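See below for the structure under consideration.
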4 protein chains.
Amino acid sequence: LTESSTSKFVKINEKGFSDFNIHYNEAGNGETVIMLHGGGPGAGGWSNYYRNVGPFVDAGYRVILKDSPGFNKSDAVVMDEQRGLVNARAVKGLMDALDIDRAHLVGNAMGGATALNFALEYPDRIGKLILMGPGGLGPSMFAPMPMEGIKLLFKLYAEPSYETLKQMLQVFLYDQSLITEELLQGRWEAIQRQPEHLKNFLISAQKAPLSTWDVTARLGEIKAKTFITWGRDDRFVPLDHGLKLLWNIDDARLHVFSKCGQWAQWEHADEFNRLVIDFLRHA
Amino acid sequence: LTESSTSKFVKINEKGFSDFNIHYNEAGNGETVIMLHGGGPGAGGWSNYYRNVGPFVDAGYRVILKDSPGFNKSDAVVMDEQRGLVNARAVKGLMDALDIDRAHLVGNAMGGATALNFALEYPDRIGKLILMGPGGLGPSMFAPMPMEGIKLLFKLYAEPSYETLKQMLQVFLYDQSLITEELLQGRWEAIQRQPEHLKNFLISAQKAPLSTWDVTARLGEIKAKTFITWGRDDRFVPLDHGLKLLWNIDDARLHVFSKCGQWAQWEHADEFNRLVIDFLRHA
Amino acid sequence: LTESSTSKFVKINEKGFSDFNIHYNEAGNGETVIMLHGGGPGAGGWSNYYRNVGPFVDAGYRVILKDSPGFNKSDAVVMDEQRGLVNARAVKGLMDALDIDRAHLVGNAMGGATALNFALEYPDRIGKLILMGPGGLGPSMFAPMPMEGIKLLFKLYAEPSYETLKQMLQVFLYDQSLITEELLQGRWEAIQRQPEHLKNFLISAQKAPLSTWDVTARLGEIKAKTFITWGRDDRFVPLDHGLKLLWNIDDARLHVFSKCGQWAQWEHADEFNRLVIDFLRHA
Amino acid sequence: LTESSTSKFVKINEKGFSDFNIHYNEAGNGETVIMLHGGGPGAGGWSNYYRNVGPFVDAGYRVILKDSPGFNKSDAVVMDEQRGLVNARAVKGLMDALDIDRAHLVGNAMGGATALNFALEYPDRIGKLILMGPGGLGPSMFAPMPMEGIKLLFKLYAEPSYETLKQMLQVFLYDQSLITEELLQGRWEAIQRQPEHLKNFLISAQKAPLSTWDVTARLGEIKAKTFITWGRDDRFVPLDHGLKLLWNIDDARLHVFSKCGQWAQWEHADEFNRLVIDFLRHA
Ligand SMILES: O=C([O-])C(=O)/C=C/CC(=O)c1ccccc1
Ligand SMILES: O=C([O-])C(=O)/C=C/CC(=O)c1ccccc1
Ligand SMILES: O=C([O-])C(=O)/C=C/CC(=O)c1ccccc1
Ligand SMILES: O=C([O-])C(=O)/C=C/CC(=O)c1ccccc1
């Protein structure tokens, strides 16, 4: 499978979206799993999940790697509401447009906030919920905020450069030897190709600070069976938020990977793929 | 499979053990997995693991559910050293006696301490290590000690009664409806059948307090791939010890079950069996 | 100072209170400090704070040890709303009735919930806020709930007995040698004297469960300078809630006493008195 | 009081120190309190504690602000043993040289490690122990290591520059408006004046990594009454280590300041001074 062979576009119409262009990459034809990426500069569905799409398709799922509004090849946007909710509306718009009745959701960081908001707003449209270090869940009981990684994420948004991208990635990943020229150049190309996304994200952050993303108080509403994953060494979203989710969602379990930053699906791809596929099949 | 059809005995000879009788239950004939039980009154291999033995045997393993010294049908003993280490020596004695070169270990509570000590003392004789809320790992950062469950465990040892057994089990299990007459009577029979074990455990606890079981300082020695499981609602061993293990063992991962006490292999048997079998096969 | 010489009554009129009798003990004549007790069977202002009233009066404060509605010598009541808020309304009623414009509040456990609700509802009427292990602040990130102490509190409410009172107190206090016959008999007399309070508390708990007391989401509203105290060994309210308060209240500090249960003002009275008096004078 | 008027030197002779020059600043003449600074580039006694020396002297103490070996105006040194222990030996050498029988110790970060090692090695020579976010106490249960602040500390040691110093200080302090030109230039002058200290610290860190400083296992030996302080927002040493100390030292208490980095004695100087002076007088 390749980015080019899987690349598709769909115009969505949902709440404050009118003929809004959403890019996604699709492979497979069984039960739909939508995978949702984080909010760092240059993020997109394919680069976030290219170690997972193949195994999930082999397991018999239809995988949609969605570009969230204001990222990658999806349309530019300035949001005045918290991104989790807006992104979630875009997932519903995509699903309606493609006649998908129900989807399993996989979401890391911002994508985890998206998946949470979706499970809250559209409970009849979600199957199972897989959350990898979701962002915006309020203060940590131990970690000073903004977290180290978030500071670097802001700095890259405001002053984008190849060196700052590398600094960010070194914080993002536990194992530094995963940062090849291919990963760096690829992410750098996504940033260079869409400078408008960077300035818009910063404007959006002014209109709706991270505190506005905190849906903690509503977690008890979630009826989806939930699989929470965390990197032990995540410097972007605090480990104790894995416990917050585990205590507040009805049917949840928590899996924490050692020697792992925010990108468990990349750093521990084999174990991640087996666990989540097993959860989707049998939980 | 039944307790009676699987029941076996072997005399062990290791360090301070001479012709010491060890009871165990064995089924299957592939790779050996030894499963080790907790230290509560009436504990034994078969009752601790009777929801897991079948699935593991179906997966192709040879399962040995071991009675630790001073429990169930194994010989009576008063230990002056911490139980984890003494139990571990008994596992080595059993393995030598049965010509088992290497075993995967599964250990809950006291059995988790046993498995840890084994991995430390006999690294060449362990495959993978599965730890379910191991006891004796020093103070908690949050939980006052002795933990609620430990107080009840002591009270049952000192003043054994059917009502006190029921109180203990209600604390042991998250889901109270799992406490059937069959579970209660069975555990009660094990207590009635071997009163000597109860008095000996209390004597042993005087000679070697729980503080003496703490092997935290040596966790960095463990080279076994390790799967740590915890019940979110464990009132016997503190949840933050799952983090302690995850930070200090080289290759570890942590899985926490919601709505689960100390007995994850019983309360969440299906998920537990799938996760651990997958870990043994693929990690 | 004695309970009898300080004992006073006042009829209050506030929201759902009409000619409702509030008992309190008052000494001193400077700045008013109102001290608010926990919700255990037989609790009251004088017994909760009799090691603190003298030192605070010597420091120049007017101390009012308030009996909350449905406790001690205050009127009986069945509450259908969370107790923190109802208690807080009663504090306002007392203050209006006595022409007290502003008070410093000291609150342990339920009394801490009372003080929090007061700071939220009547910000113009509070000086400084002193919180000792306040109850009802939602789930713990580490402690299974109901906490051990809460289970005993329920059992004493439902099946009051001298032995069960002693069991509760042994959990309540770190240092068991503080449980003299005088403390036990005194608390027992308060329970025997007002059986109606016990049945009413249980009825109230059915109408408004502990989950309904959780004011976490509003903590950011508190403008009072806040001093949070915790017992390290508190088995009633979880230590991580001290962090929850410290992260969410604007101007807070946290002091944790070693070898201390829920009753820091009793177990560490000298240090407690010096710290809080210093805070009231200088913070 | 000024740095110049208080500045003194003494040659020490203790274990591996022979005629080793120690600089310190001394004022007052009552009970001796020795204050020990952190290990960041340009650290020294006077700059670390210049908001505390006056109030402590006014309270009646003799204050010695010690420069640790390899810092400020004390002699250069390359250490092959963990710095806490070596620094502690230097404190004993200073005390012997000055005929001080017993001292109260105040230690932040590295200075907290120094004070801990001193309390362990020379229990007969310490009064009370005041610890402000001591470093080197092993892994955190929540914080990835090296902590954000430590990474910046290394970067400043390796590539010293005024901009990198400012970056470090912005992380060091919660309130950025405390970073005046005076603080920056002063710290910068200390770095420029002694480049040898920077290269030696890095060499020492290679010979004795931070893991070698971990004295956790011996904390139970400490008989000194201990006051542990932490900044809630400390990005150099993890907040859960405050709990580690509180659980493992016999007579300890923990005070956590909101809106505070590693430098509580500077950011919350008034409250810090009152608390510690009160502790020294009355605990
Ligand atoms: O690949 C990415 O999207 C990435 O590098 C970082 C994402 C961070 C992120 O989504 C985040 C959002 C809010 C709070 C914390 C974290
Ligand atoms: O089935 C059992 O063995 C049981 O009920 C409890 C075991 C507790 C246990 O092994 C334990 C030992 C040390 C510390 C904490 C827990
Ligand atoms: O003296 C007392 O009031 C006492 O023994 C216990 C009080 C517990 C209490 O107020 C509480 C309320 C809600 C949640 C946790 C704790
Ligand atoms: O003023 C200073 O010394 C400073 O900026 C930082 C000190 C950090 C420090 O002593 C430290 C040492 C080991 C581990 C963590 C922290």
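All positions are counted from 1 along the displayed chain.
Quick reminder: no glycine exception, Cβ is built from N, Cα and C everywhere.
Features reported for this protein in Swiss-Prot:
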type	residues	note
BINDING	A:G39, A:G40, A:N48, A:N108, A:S177, A:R187, A:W263	substrate binding site
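This view paints the features noted in Swiss-Prot onto the structure.
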| residue | record | Cβ within 10 Å |
| --- | --- | --- |
| A:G39 | substrate binding site | 26 |
| A:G40 | substrate binding site | 25 |
| A:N48 | substrate binding site | 27 |
| A:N108 | substrate binding site | 32 |
| A:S177 | substrate binding site | 6 |
| A:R187 | substrate binding site | 23 |
| A:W263 | substrate binding site | 25 |
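Between the two most distant C-alpha atoms of the annotated substrate binders (A:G39, A:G40, A:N48, A:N108, A:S177, A:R187, A:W263) there are 23 Å. Proximity to chain B, defined as a C-beta distance under 8 Å, is registered for none of the binding-site residues A:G40, A:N48, A:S177, A:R187, A:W263.
Secondary structure at A:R187 (substrate binding site), as computed by DSSP, is helix.
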